[PDB]
């Protein structure tokens, strides 16, 4: 049982790649060499009062950690850049999520900029019955009350279904 020592040793920490995802069960199968695992858990960003979900992709690289080389109970740590998921940025001053559809969410502390960028689609901020929606063709604000505090300038036309009440002058140009 001395070869078992180096066996367990070698099996404790394994470089591996995702080959299968059981989404409903939240498990992955990984491959290290010509060995394929059973259904194993991956470490997510949070699994408590807060939970995060981001299933590892097939082809994603990481490391499997198995207590005493008990590989049937190993857990997977993804996030190794590779052909299935390359480094999405190269800046010393940025924290960036990039998605397959070209979307990205990034903070840059050199430029002091938070950027939510979608080539197409919708960004939605909803709290109860209130909503800010940014889409390809519109920005919409919906609420029981819409309050604009400050000088407002409209570069365009304005159409109002209900009454318009002004506390000052109302002056046209035509």
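Residue numbers count along the first chain shown, from 1.
Of the two stretches examined, 46 to 54 and 30 to 38, the record assigns the greater average C-alpha temperature factor to 30 to 38.
Here 161 to 169 and 6 to 14 are compared by their mean Cα B-factor, and 6 to 14 comes out higher.
Comparing C-alpha B-factors across 140, 120, 106, 147 in the deposited entry, the largest value falls on 120. Ranked within its chain, residue 91 lands in the middle third, by CA B factor from the PDB record. Ranked within its chain, residue 154 lands in the lowest third, by CA B factor from the PDB record. The PDB entry assigns residue 63 a C-alpha temperature factor belonging to the lowest third of its chain's modelled residues. In this PDB entry, residue 110 carries a Cα temperature factor that places it within the highest third of its chain's modelled residues. Per-chain ranking of the deposited C-alpha B factor places residue 116 in the lowest third.
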